[PDB]
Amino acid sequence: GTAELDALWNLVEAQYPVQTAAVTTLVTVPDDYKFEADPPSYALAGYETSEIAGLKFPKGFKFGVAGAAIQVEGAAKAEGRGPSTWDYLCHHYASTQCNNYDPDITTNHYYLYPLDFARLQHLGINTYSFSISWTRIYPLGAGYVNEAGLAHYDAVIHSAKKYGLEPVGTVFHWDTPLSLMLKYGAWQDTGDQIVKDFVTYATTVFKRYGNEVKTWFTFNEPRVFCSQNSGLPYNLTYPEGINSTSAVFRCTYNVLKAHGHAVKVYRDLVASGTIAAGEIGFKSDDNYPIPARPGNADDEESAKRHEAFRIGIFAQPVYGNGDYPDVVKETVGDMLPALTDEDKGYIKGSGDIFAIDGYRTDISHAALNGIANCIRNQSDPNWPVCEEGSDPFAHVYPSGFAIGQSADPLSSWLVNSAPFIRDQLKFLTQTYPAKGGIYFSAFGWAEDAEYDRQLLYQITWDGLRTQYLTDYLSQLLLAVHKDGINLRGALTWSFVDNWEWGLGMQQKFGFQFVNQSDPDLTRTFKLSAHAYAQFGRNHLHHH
């Protein structure tokens, strides 16, 4: 094999090696596979409001679930894969950065996907969102191609379609190739090797999969991704002229460039009939918060600064006027490379569809020390947004009561803000309009302390996740019928409990429970999976 791949894994496995799952072969779904019995008939009573009686989502609405390669696959060294930065991080700093977990095995989706798909068909899911592992295709990020990796996703996609799941592919879901980080700092690249290497990678997967996959996302949540570049292991190999503050905005630029160029390739492939016609964009996240004090001009300014730094910095170069928002430029200056007119030519209009991972909406309080004073000082704790960013403010009205129900406190950013969904959608489609509409591409619940339950029946009756999924879907439905939002789909994070980055398998986002103390990693439906099923039975067109 490759000597530099072997060396990279050696580097990763130096304190401790990759562990292997109990099951390392593709599973066979017996024709007789017995699904666990339904919950009692009264279980779903009361979640659905009569406000939505009879309403349907548009024909062709993608009613789906979402995962991510490194979060669900496992098989971290299988069939020629190369390490990502996360494989390195959690094998060297698991105790302080990865909650003592690693993504070696996670849910073993890499080998269990046929069974997972069969279980999704049981619920009536019609769409399967996944991401491709870059280092399964190019184990060193650039150079040679790993055919076994390419063939693996052919099989996944084929299996998904067999079970009635339309496949939606994300190109990059945060799993940066270790090789590229070491060689030139990956997304910190002061030149443009990263764009070229991402373009080569994306081209390859478009060509290999574009006939089967007709909805593409280049990047999952690039703003959240680039904010992680401020830390380990990225800041072991910063290129000179880059530090942990500029690294965030050098990542932003390089990511916008990579997305624009990839999109040009994709459109060339569609326009030439090389691959099936399809649509492409990226997944935004976060929200335009409501001001803590209505009609307070400082709170409105910090709210706008929140949207600018959290959504606008990517959305406006793509769906906007082609530049970064004016407030972002006035605050970060030379740390955020200007978009040359060549840059803008690739990036403006490079979004056929918008997608918002709309987990929640926040509340903005202007910095207590004054916004002007805060934006001058890169060391102020509320820089650059210059709202009070801590939880006692970001979720709390002047009343001291919260905007809504909190989830697990290890993911304290997550709240149930369903009544605010429609205004988020209105703002986004009027501000970042895309010819192909908007997906609600990720939303899900981390039930408080679900990881501390020991008995299955206590886990599976998951009220607040059931409530959150139902509430959010209801507002999506109403957004279509009452606001005329061109809503294309709804993808819940996630169909299984999975490896939640720094929190590892502790944090539980699935509408199915994964038994991590069982060698087979048995899935079990939670009540929320059945609530999702019932909602699609009631509010999808089936004729």
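The first residue of the sequence shown is number 1, and the count goes up from there.
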Legend entry - Segment of higher mean CA temperature factor, 107-115 or 378-386: 378-386
Inset, instruction - Output the stretch having the higher mean C-alpha B factor in the entry; the candidates are 238-246 and 196-204. - result: 238-246
Legend entry - Options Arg453, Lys283, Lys264, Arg136 - largest CA temperature factor per the record: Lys264
Legend entry - Residue of maximum C-alpha B factor among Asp471, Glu447, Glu342, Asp154, per deposited coordinates: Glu342
Inset, instruction - Please place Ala21 in the lowest, middle or highest third of its chain by C-alpha B factor as given in the entry. - result: middle
Inset, instruction - Quick one: classify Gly504 as lowest, middle or highest third of the chain based on its Cα B-factor. - result: lowest
Legend entry - B-factor third for the C-alpha atom of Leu11 within its chain: middle
Legend entry - For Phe495, the third of its chain into which the C-alpha B factor falls: lowest
Legend entry - Entry-reported Cα temperature factor of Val480, expressed as the chain third it lands in: middle
